[PDB]
Structure formats: structure tokens, C-alpha cells
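Some notes on the structure that comes next.
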Amino acid sequence: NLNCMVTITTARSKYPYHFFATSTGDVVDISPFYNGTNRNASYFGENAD
Amino acid sequence: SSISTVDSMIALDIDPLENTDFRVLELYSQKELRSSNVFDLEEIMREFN
Ligand SMILES: *[C@@H]1O[C@H](CO)[C@@H](O[C@@H]2O[C@H](CO)[C@@H](O[C@@H]3O[C@H](CO)[C@@H](O)[C@H](O)[C@@H]3O)[C@H](O)[C@H]2NC(C)=O)[C@H](O)[C@H]1NC(C)=O
Ligand SMILES: *[C@@H]1O[C@H](CO)[C@@H](O[C@@H]2O[C@H](CO)[C@@H](O)[C@H](O)[C@H]2NC(C)=O)[C@H](O)[C@H]1NC(C)=O
């Protein structure tokens, strides 16, 4: 049985905003404000591919 | 002239209370307060992730 889902949760990040954390424990090492042209001023450490 | 003058001024010189700039004393820094716990929630959630 195959079921696809779309969960919409809330994630929180603290200053310096170098990682956020959804309510389900998805710790992501990406700055919530990294727009792809400001890597020098915002962290990004997850998989590049 | 050459005559002595009676010194009859009872001195009452009360030195004023000097100002004190109270420090904001810091006993345990934030690092120590975060390291005082055996179980760190962030590390546990990162391990689960
Ligand atoms: C991605 O986000 C970065 C910041 O993390 C953006 O860079 C910043 O973009 C703003 C908006 O254009 C720039 O402000 C502009 O500055 C000049 C004065 O120098 C003025 O002419 C404009 O009115 C405007 O306010 C800002 O300088 C720039 N850099 C920094 C370091 O904040 C970037 O634009 C974002 N990219 C995208 C594609 O959204
Ligand atoms: C990338 O960011 C770093 C710090 O996040 C910037 O380094 C600063 O550069 C300014 C201007 O040269 C210095 O006054 C600061 O002392 C530097 N800070 C640090 C922590 O090194 C760097 O300039 C940024 N690169 C850009 C915007 O191209």
C-alpha cells in the first residue's frame, strides 16, 4: 500500500540562524535565509547534491 | 598685624559618600549552564535525525 503525504509543520531557528529545526526533529544545517547568492553571510552544511 | 586670632570654628567636615558603580557579577557563564546537563536535547535530536 503506497500513500504519499504533505505535512505542513512549523520550524524554529535561533540567532545566528545557522540551522533550523522542525517540530518532528528534522535538524537541518541550512540557514533559513540562505537564498543561494549569500552563502558568505549564511551557513549551509547539508548535502550539496 | 602680629596678633593671634582665636580659632573657634568647630569643624564639621563630613566627607560625602563616594559613588559606587555596581558590577553585573556573572557566576556561571552560559556555556557552563548548558554543559551542566547530562542529557542535551539538541544532541539527542541530531542523533535521531
Ligand atoms: C539574498 O540575500 C542577500 C542578503 O543575505 C541579498 O543581498 C542584499 O540584497 C539587498 C536587497 O537588494 C541589498 O540592499 C540594497 O543595497 C543598496 C545599498 O548598498 C541599495 O541600492 C538598495 O536599496 C538595497 O537596499 C544588499 O546590499 C545586499 N547585500 C547585503 C550584504 O545585504 C541578496 O540580494 C539576496 N538575493 C536574492 C536573489 O534575493
Ligand atoms: C564574508 O563574511 C565575512 C564574515 O562573515 C566577512 O569578513 C569581514 O570582512 C569585513 C570587511 O573586510 C571585516 O571588517 C570583518 O572583520 C570581517 N569579519 C570576519 C569575521 O572575518 C567577509 O568580508 C564577507 N565576504 C564578502 C561580503 O564578500
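Please treat every number below as a calculation from the coordinates, not as lab data. Here the Cβ positions follow ideal geometry from the backbone for every residue, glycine too, while neighbour counts run over all protein chains shown.
Globularity index of the protein assembly as shown is 2.59 (Cα radius of gyration / 2.2 N^0.38 Å, N = number of residues). Structural descriptor for chain A: relative contact order 26 percent, calculated from alpha carbon pairs under 8 angstrom and at least 6 residues apart. Working from label points 7 Å from Cα in the Cα-to-Cβ sense, the A:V6 to A:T37 distance is 2.9 nm. Summing charges over all other residues whose Cβ lies under 15 Å from the Cβ of A:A21, with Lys and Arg as +1 and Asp and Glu as -1, gives -4.
Taking the highest mean first, how do the peptides B:15-21, A:39-45, B:34-40 order by number of other beta carbon atoms within 10 angstrom per residue?
Details: B:15-21: 5.1, A:39-45: 11.9, B:34-40: 8.6.
Per-residue mean Cβ counts within 10 Å order the peptides as A:39-45, B:34-40, B:15-21.
Helical runs (DSSP H, four residues minimum) scored at -39500 (n - 2.57) apiece and divided by the length of the protein assembly as shown put the mean residue ellipticity at 222 nm at -3500 deg cm²/dmol.
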